[PDB]
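Letters go in sequence order (proteins before strands), and every chain restarts at 1.
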2 protein chains.
Amino acid sequence: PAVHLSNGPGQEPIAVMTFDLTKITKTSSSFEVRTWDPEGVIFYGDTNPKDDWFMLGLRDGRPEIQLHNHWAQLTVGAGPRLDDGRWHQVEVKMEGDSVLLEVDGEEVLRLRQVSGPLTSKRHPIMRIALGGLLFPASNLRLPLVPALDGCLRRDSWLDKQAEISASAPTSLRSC
Amino acid sequence: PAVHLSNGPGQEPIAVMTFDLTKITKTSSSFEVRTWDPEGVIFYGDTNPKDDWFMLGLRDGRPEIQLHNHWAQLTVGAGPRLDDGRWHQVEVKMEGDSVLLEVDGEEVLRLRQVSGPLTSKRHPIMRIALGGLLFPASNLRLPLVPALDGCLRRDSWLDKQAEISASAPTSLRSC
Ligand SMILES: C[C@]12CC[C@@H]3c4ccc(O)cc4CC[C@H]3[C@@H]1CC[C@@H]2O
Ligand SMILES: C[C@]12CC[C@@H]3c4ccc(O)cc4CC[C@H]3[C@@H]1CC[C@@H]2O
Ligand SMILES: [Ca+2]
Ligand SMILES: [Ca+2]
């Protein structure tokens, strides 16, 4: 079952999941994405919209991560273009103080020394928004137009056991 | 003609080139490297060893860039492993406020919003050291053992016209 990463204008996310960081036993996520869209947000996450946020998106067809927290502030592009209309497996996880990005089974990016343990964040609640941000795009380190015209499927986010709740503005439109 | 990136213990660089930034008309470099060594420095560069430095090396066989300046401080791994004993083409250049890394003709990493124009650096003199750093490895953001047992060939560094001088401790040992 595949869902549309964009719905309507393409402003707000198609879904927001909230997690209790003190209950996480897994700090990784994975999913498949397919699109012809060269720019947009795949997912945004934060423990604090001002002080500790993260965004994985596409720019010029390639993955881009923006991260802003106490330890690091960055805007980094990496990996092959994914806007070739084919399904691509994507994994994002924490490994020690690093954030690793794997695409189609290959590690394409490792942001080192960027964060303390998820389970140790001052604000023990993490939000994960799909297909959109939880603040205006103008507030990104480097703005981009969030709308991502693509499909998401086979997605797993951290541990379902740590998930506090999940919301969706409109009905998840299938692909 | 190929030269050894390591000579002797593997502490100091095999060569140091100095450039006048006010005369540069090209902010890119390229070379080929071959090695079985998973860790080490390919090249280091700075306009200031304390406040504005850069290091391209290998860690776990993959490219890693560390950069420290007024705009950004990072430690980032990216691209495929290069320690497969085969020749690999590598290009490192500035594009706007970004630093791009291309391997075997493919862009594998783009560090965005990391620097003002090279021609505008307070200290208009850039040093490029090959196979080593110009400060102790303990001073890196993330230390690694600098010795890189590999070969370098077909190397071009910025513009020869902007090169002020070049030095080499020992005789460049051919591969
Ligand atoms: C945990 C994830 C990787 C690490 C990400 C991170 C990493 C560091 C940080 O300071 C904040 C965030 C928020 C979103 C997180 C992501 C949500 C799912 C993904 O697996
Ligand atoms: C200009 C190069 C890319 C950009 C690098 C950089 C980029 C930003 C910075 O603040 C310092 C340096 C020093 C070394 C530079 C490199 C030396 C050769 C390479 O082409
Ligand atoms: Ca788009
Ligand atoms: Ca080594």
Side-chain angles (χ1 to χ4, degrees), chain A residues 62-63 65 76-81 91 95 98-113, chain B residues 1-7 10-11 13-15 17 28-45 53-67 74-95 98-111 114 128-133 137 140-158 172-175:
Chain A
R62 303 175 188 271
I65 289 180
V76 178
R81 293 188 72 108
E91 293 192 40
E95 256 241 70
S98 304
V99 168
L100 329 194
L101 173 68
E102 306 182 318
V103 174
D104 295 333
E106 300 301 331
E107 179 173 324
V108 296
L109 178 67
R110 182 169 293 196
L111 305 174
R112 296 189 180 261
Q113 304 179 293
Chain B
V3 64
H4 279 294
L5 274 173
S6 59
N7 226 277
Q11 288 165 47
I14 64 176
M17 302 165 271
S28 65
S29 301
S30 55
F31 56 85
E32 291 187 359
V33 63
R34 196 185 62 189
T35 186
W36 290 103
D37 195 339
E39 183 166 316
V41 174
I42 292 181
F43 81 81
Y44 162 99
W53 62 265
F54 175 104
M55 187 285 302
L56 168 68
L58 293 190
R59 196 193 298 273
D60 295 305
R62 303 175 188 271
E64 173 178 285
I65 289 180
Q66 286 184 44
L67 160 159
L74 50 79
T75 299
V76 178
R81 293 188 72 108
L82 303 185
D83 61 346
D84 56 359
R86 296 184 302 92
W87 280 112
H88 293 285
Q89 212 252 287
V90 179
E91 293 192 40
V92 181
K93 74 198 67 169
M94 290 282 271
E95 256 241 70
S98 304
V99 168
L100 329 194
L101 173 68
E102 306 182 318
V103 174
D104 295 333
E106 300 301 331
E107 179 173 324
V108 296
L109 178 67
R110 182 169 293 196
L111 305 174
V114 301
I128 292 175
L130 304 190
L133 313 167
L140 286 172
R141 282 176 46 83
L142 184 64
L144 45 55
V145 178
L148 187 63
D149 186 8
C151 297
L152 180 83
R153 75 176 187 177
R154 295 179 188 176
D155 55 318
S156 183
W157 304 95
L158 295 175
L172 297 179
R173 297 185 171 179
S174 175
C175 284

- Message: Walk me through whether B:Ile42 and B:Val90 qualify under side-chain contact (heavy atoms from CB on, under 4.5 Å).
- Response: CA-CA 10 Å; B:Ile42 292 181; B:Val90 179; 5.6 Å; no
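- Separating the CG atom in B:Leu5 from the SG atom in B:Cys175 is a distance of 7.5 Å, to the nearest 0.5 Å.
- Atom CD of B:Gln89 has more than 12 heavy atoms from other residues, nucleotides or ligands within 6.0 Å.
- In this structure, the side chain of B:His4 does not engage the main chain of B:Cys151 through any donor-acceptor pair within 3.5 Å.
- Summarising the geometry, atom CG belonging to B:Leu58 is positioned 11.5 Å from atom CG belonging to B:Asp149; distances are rounded to the nearest 0.5 Å.
- Annotation: side chain to side chain donor-acceptor pair (under 3.5 Å) contacts of B:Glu64 (sequence neighbours excluded): B:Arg59, B:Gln66.
- With B:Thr35 contributing its side chain and B:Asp83 its backbone, the two residues share no donor-acceptor pair below 3.5 Å.
- In this structure, the separation between CG on B:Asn7 and CG on B:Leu172 is 8.0 Å, given to the nearest 0.5 Å.
- Separating the CZ atom in A:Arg112 from the CG atom in B:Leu74 is a distance of 13.0 Å, to the nearest 0.5 Å.
- Distance check, rounded to the nearest 0.5 Å: CD of B:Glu106 to CD of B:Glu91 gives 11.0 Å.
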- Given B:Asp84 and B:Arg86, is the salt bridge (charged side-chain N to carboxylate O under 4.0 Å, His left out) satisfied, shown in steps? CA-CA 5 Å; B:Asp84 56 359; B:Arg86 296 184 302 92; 2.6 Å; yes
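- Residues satisfying the side chain to side chain contact (heavy atoms under 4.5 Å, CB included) test with B:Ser29, not counting sequence neighbours, are B:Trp157, B:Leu158.
- The aromatic rings of B:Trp53 and B:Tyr44 sit parallel to each other, their planes meeting at less than 30°, with 60° as the upper class boundary.
- Taking CG of B:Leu148 as the start and CG of B:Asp37 as the end, the distance is 4.5 Å to the nearest 0.5 Å.
- At least one donor-acceptor pair closer than 3.5 Å links the side chain of A:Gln113 to the backbone N or O of B:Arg141.
- Using modelled atom types, one side-chain atom of A:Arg62 and one backbone atom of A:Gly79 make a donor-acceptor pair closer than 3.5 Å.
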- Task: Evaluate the criterion side-chain contact (heavy atoms from CB on, under 4.5 Å) for residue pair B:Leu56 and B:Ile65; output intermediate values, then yes/no.
- Result: CA-CA 5 Å; B:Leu56 168 68; B:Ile65 289 180; 3.8 Å; yes
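- A:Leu109 is not listed as a side-chain neighbour of A:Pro63, based on a closest heavy-atom distance of 4.5 Å or more.
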- Query: Can B:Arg154 and B:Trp87 be said to form a side-chain contact (heavy atoms from CB on, under 4.5 Å), step by step?
  - Reply: CA-CA 11 Å; B:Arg154 295 179 188 176; B:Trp87 280 112; over 6 Å; no
